[PDB]
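Structure, as structure tokens:
Number of protein chains: 8
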Amino acid sequence: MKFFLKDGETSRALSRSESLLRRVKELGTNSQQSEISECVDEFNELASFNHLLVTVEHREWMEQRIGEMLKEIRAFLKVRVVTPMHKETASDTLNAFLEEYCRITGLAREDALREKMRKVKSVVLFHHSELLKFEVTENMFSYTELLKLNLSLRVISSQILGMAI
Amino acid sequence: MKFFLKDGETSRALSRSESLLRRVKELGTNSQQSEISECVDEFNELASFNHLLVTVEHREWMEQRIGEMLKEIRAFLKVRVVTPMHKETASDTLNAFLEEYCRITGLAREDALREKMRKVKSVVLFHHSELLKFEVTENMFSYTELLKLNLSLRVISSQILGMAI
Amino acid sequence: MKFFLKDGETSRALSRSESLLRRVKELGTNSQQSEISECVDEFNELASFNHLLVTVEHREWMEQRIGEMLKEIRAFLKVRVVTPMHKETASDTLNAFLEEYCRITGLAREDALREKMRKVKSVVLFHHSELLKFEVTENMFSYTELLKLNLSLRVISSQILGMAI
Amino acid sequence: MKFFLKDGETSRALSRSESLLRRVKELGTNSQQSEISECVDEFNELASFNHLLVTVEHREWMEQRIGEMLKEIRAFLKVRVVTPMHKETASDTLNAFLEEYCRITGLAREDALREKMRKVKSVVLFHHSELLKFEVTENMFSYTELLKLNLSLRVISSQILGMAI
Amino acid sequence: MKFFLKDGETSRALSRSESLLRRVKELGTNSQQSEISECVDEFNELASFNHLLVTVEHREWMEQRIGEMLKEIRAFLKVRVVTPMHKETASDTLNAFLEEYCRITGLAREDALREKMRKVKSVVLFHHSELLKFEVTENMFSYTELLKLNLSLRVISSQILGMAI
Amino acid sequence: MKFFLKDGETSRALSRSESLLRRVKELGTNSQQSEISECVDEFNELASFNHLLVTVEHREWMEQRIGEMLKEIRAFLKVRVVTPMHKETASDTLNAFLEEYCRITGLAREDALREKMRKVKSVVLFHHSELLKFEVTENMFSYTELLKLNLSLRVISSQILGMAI
Amino acid sequence: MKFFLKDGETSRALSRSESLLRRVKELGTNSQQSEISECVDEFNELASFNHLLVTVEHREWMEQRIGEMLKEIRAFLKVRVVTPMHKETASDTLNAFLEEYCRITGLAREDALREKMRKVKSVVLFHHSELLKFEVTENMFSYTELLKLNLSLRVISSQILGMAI
Amino acid sequence: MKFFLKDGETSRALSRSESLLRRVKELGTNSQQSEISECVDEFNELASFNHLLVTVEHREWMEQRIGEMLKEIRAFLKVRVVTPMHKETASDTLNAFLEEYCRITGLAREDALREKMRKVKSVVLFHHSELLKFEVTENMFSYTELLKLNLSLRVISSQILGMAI
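What follows is the structure, encoded as structure tokens:
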């Protein structure tokens, strides 16, 4: 149950993340997905290590700042991670989520259209998070509030934003 | 405090409402507001009388069906009462309600825009209800669920249905 | 269920009742039943309207004085309304109520005589109230305390006021 | 404090009261006051003796039926004792009690008239009881219920039985 | 239940007892039992009457001194009432009470001898009280404390005052 | 606080008391006070030792019959120990106690006569017990019950057994 | 039950113990067990007597310092009383207690070894106390705390002081 | 806050730990500290990873065996990890812990000697645990029970195992 971290390590990871931050600030709309995606990899490891570090420290206290930087790296990187449900309209955003949920769950549309946005979004988001190795939350889209609504997609689409089907 | 109803009266009002119902079933998308609106007047009176009749009976019990019909007339007439916030888009529906609330409350837009849809709607609706002498509820609009959202109009407009201002 | 009152209306009724009051203060022991009785009619309508008004206001509050005059008009008019149990003696007052109760309830005398004055009175009173469209209470008679006694008419008539049968 | 009764005594009194009972059953509406009144005398003595007897026995128990007959004799004799408030009408019965209370208490009429019948009666009754050496209760009158009313004589006289003053 | 006393009576009995007191002060060791005993009769009657008078007054209060004298007469007369258990020795006093209790209860001696003095005395005393129509208490004897002892007569006799049997 | 007994001891004292018992049975009314009194001495020591033995055993239990013989020796010896208040009458028994209490306490008679027998007896008995090295209880006298009475000697003497002073 | 002490006695015992104290102060590490042991004998007797003296006094109070010296003698003598479990090592101290407990209880070693030191110690100590007629407590050994441990002898010997068996 | 693990990973770590177990079973009392210590390094990393794996899984469940092996590796490796307080005697074990605690805390001996073994032990153990990156518990020493004693080191050393200072 109990584990300790190799000593050349907190600092190895502190300056390893320091220069991730440096590197992430460099990104803009045309660094390749090839770049960005390994930029995530790095972030992800450091995120892990931090969780170790935290619990170690917490455990060590009982025997009686990196994350601050990660917090920032996230904020920069958040902006360059794009899913296929990143759309130009409220309306296509919804379809994206619909079709994507159908894709993931393997459900017919008729059934997915009955599902509340809330499931559909968190089903779809967890999926892509897993897949990008980056947590992708609702406030990473401009239609955040839309994606939080507790109503079936059909109702949202017809009663909230006058769509067909 | 106590009052009695004139006796040639319940039936006078039963068959008076019977032929209202008859008449209301006749309405369609082109009877004039001039027609419809007196069709409401009548309904309104019968609604009043019924409240008397009810309270009289209730009082009489303690000394020890028309409404069913009204319920129907309502359902029919509900469909022919149009407000100026009856719109073809989700988007204009929202503007209508905004502009109308500004009009009623005399608030600037900037402030109205900060208000939750919910207030804005029931403020506006009560207003027009009073004005048409007919109760006008959210489910008298195709954008019912929209009108129920507990979010500022600004948020709805930008995050729920990508509008400008 | 919900109804609204026509707007030229509260005031139409306020000054309608104001001059009822004027008119009722003119009555005295020799205005005809013909006069008085229409005087009640008017009072009755205004009493109804008030009940609408009250409930409208109460309802309107939730979306967030006439009766005072009625109260007076009642007080004045109370004094000029006569039932057939208005009698010159305590004794005939009791008979009047007995006979009338028998009439209303269809009971034999023998049974009515066993009834407590209290029922008998409020049975009879409610009846005539209904009938005159005016509430007729016990203190509209000079034998009020008598009409309040919780004793069978037999007992009242023999033990309280030495009558035969 | 302690006293004993003379031994030829309980039985002397048992058969003394036995023949009182015999004698009292003979009375009817025309035995003279002269007769009846001695009939009370006898009853009174036997009532006393009984109270001694009772307390002696009770006392004697601690060192470890006549009254039944008296109870009857009372019942018979109760019916033949007359006060000056024994009247033919409810109405004079009330006056009788009024006037008598004024006499006993020395109050003005105006004040007595404000008193509740109940006091007035039990004031008057106790008085005459004392005076006739016989307990005189309300059900010794035909207007018993009347004498029990908890209402001022004024109210009773005007509202209950339409009298003047 | 309720009885009244004849009016020429309290005073008739006040001065009737006043001259009893007078007469009782006259007694000394040689007035005959014939004198003394009627002196008790009188006392006894006055004692009775007083109990009436008391209860009458007490009852009369609720409708809102002789005894003092008796108290004295008692004290004087107490001293002249002799029982057959009035003895010159502690020892014979005990026998007297034994033999007398055997007489009254009809018990054999052997059993009486086992009884506690206390019973034996209050049995015997009540008896003679009843018989003399005067209350005869322990402190009417010089051996009061003896008569109060809660010990069998056998024990008293042998262990308290070295008697035989 | 804690002590142990020398081992050649329980038995040394068991047969030492066995032959005391033998010796005490020999006593009769004419063994000298010189004999008897050393017979007490012995008994007293054995009594002591027993108290040790008892408490030792009791203590020893917690770390987890002689007296029966003493009980008998007492019973025999009790009968040969005589105080100066051993008298032939109830009456002289009392004086004995009186004079003896005066002697011990140094009080005047007038004061001692006021004292309750109970004090006077236990004052006097403790004294002689101390003095004879033998506990002398009330039931060692034929007037036991007398000596237990809770009354002043004066009262006992005059009211219980007709003495002078 | 009650016993008295012979009067030439408290002082006989006070100076008897006074010169015991003198004598005990003389002891050192080479007075023979022969000396010391009779020194205990004496102490023991005086301890006894004291218990008598105490209870006599306590008893005598109810009829309304030697021990201080014994307290001291104990403290001196305590230091010269040796058991066979008085050892040079923690290790042999344990064995001594083990073997001794086996001897006393007649248990096999295997079972004794499982017993908690606490029992074993207070079993063994009470035994030798009884046998030396001196209370022998844990703080009469240099390994007090060891003797107090609530652990089986096996555990103590192996885990607390690296012994074999 | 949320992180994901790289997918070629759980199995990379499962067989990585599988062959650690193989290797650890090889150790015996003569594999160098150089060997053993890197054996711990490995174990430590796998312990870390596991904590990640666990939390990921636990987190993933909410969106709705390696450790078993580590448990074993620990048990084997536990036996080959030695501290400087691993001694041949109870006695030196104590010193070792004392001196070590002085070293860690920088306290004088005099004060350390007053500290309860319990603190001293868990202070010293946490230290070396941290320093070996292996949890080192009391039952990794043959004097477990000793190390658990709630007594100052001075008392333990003098009263429990007859040491000097």
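Residue numbers (the authors' numbering), protein chains in the order written: chain C, 1 to 64, 77 to 177; chain B, 1 to 64, 77 to 177; chain A, 1 to 64, 77 to 177; chain A', 1 to 64, 77 to 177; chain B', 1 to 64, 77 to 177; chain C', 1 to 64, 77 to 177; chain D, 1 to 64, 77 to 177; chain D', 1 to 64, 77 to 177. A prime marks a further copy of an entry chain.
Beta carbons are placed, not taken as given, at the ideal position from N, Cα and C, and that holds for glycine.
CA-CA distance, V54(B') to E60(B'), rounds to 10 Å. Taking a beta-carbon distance threshold of 7 Å, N44(B') counts as an interface residue toward chain A'. At least one CB of chain D' lies nearer than 7 Å to the CB of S48(C). Judged by DSSP secondary structure, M81(B') falls within the alpha helix (DSSP H) whose first and last residues are 78-89. The beta-carbon of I172(B) is placed less than 7 Å from the nearest beta-carbon of chain C. Interface residue (Cβ-Cβ distance to chain A less than 7 Å): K131(B) is not classified as such.
Taking C-beta separations shorter than 6 Å and ignoring five residues to either side along the sequence, the partners of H139(B') in its chain run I116, following chain order. In terms of Cα proximity to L165(C'), the closest of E150(C'), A108(C'), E147(C') is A108(C').
Only those residues of the segment 87-102 of chain A' whose C-beta falls short of 7 Å from the nearest C-beta of chain A are listed: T101, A102.
Interface annotation, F3(D): in contact with chain C', CB-CB separation under 7 Å.
Residue range 121-124 is occupied by the alpha helix (DSSP H) that includes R121(C').
Among the residues facing chain C, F153(D') is not included, as its CB has no counterpart in that chain under 7 Å away. With contact defined as three or more Cβ pairs closer than 8 Å, the segment 123-132 of chain C and the segment 160-177 of chain C are in contact. The continuous alpha helix (DSSP H) containing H51(A') extends over residues 33-61. Taking a Cβ-Cβ threshold of 9 Å, the residues of chain B' close to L163(C') are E157, in chain order.
Collapsing the DSSP output to three states places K133(A') in a helix. The Cβ of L52(B') sits closer than 7 Å to at least one Cβ of chain A'. Taking each of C39(C'), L14(C'), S15(C'), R16(C') in turn and checking the Cα distance to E26(C'), the smallest one comes out for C39(C'). Interface with chain C (7 Å Cβ-Cβ cutoff): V148(B) is excluded. Under DSSP, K128(B') forms a beta bridge with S164(B'). Around the C-beta of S34(B'), fewer than 16 other C-beta atoms lie within 10 Å, and the residue is accordingly described as exposed. In the structure shown, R16(B) adopts helical secondary structure according to DSSP, grouped into three states. Nearest to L20(C') by C-alpha distance, out of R86(C'), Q171(C'), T95(C'), is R86(C').
Taking a 10 Å sphere around the C-beta of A102(C'), we find 16 or more other C-beta atoms and assign the residue as buried. Annotation: the continuous alpha helix (DSSP H) that includes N107(C') extends over 102-117.
Taking the Cα positions, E80(A') is about 24 Å away from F153(A'). Proximity of chain B' to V167(C') at the Cβ level (cut-off 8 Å) is accounted for by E157, in chain order. In the three-state DSSP reduction, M152(B) falls in the helix class (H, G or I). Among the residues facing chain D, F109(C') is not included, as its CB has no counterpart in that chain under 7 Å away. Annotated as distal: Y113(D) and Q171(D'), with beta-carbon spacing of 7 Å or more. The C-alpha of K90(B) lies about 44 Å from the C-alpha of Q64(D'). When the five nearest sequence neighbours on each side are left out, the beta carbons in the same chain lying within less than 7 Å of the beta carbon of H98(A') are those of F153, in order along the chain.
Per DSSP, reduced to three states, the secondary structure at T95(D') is coil, with no helix or strand assignment.
A straight line joining the alpha-carbon of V94(B) with that of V56(A) spans about 23 Å.
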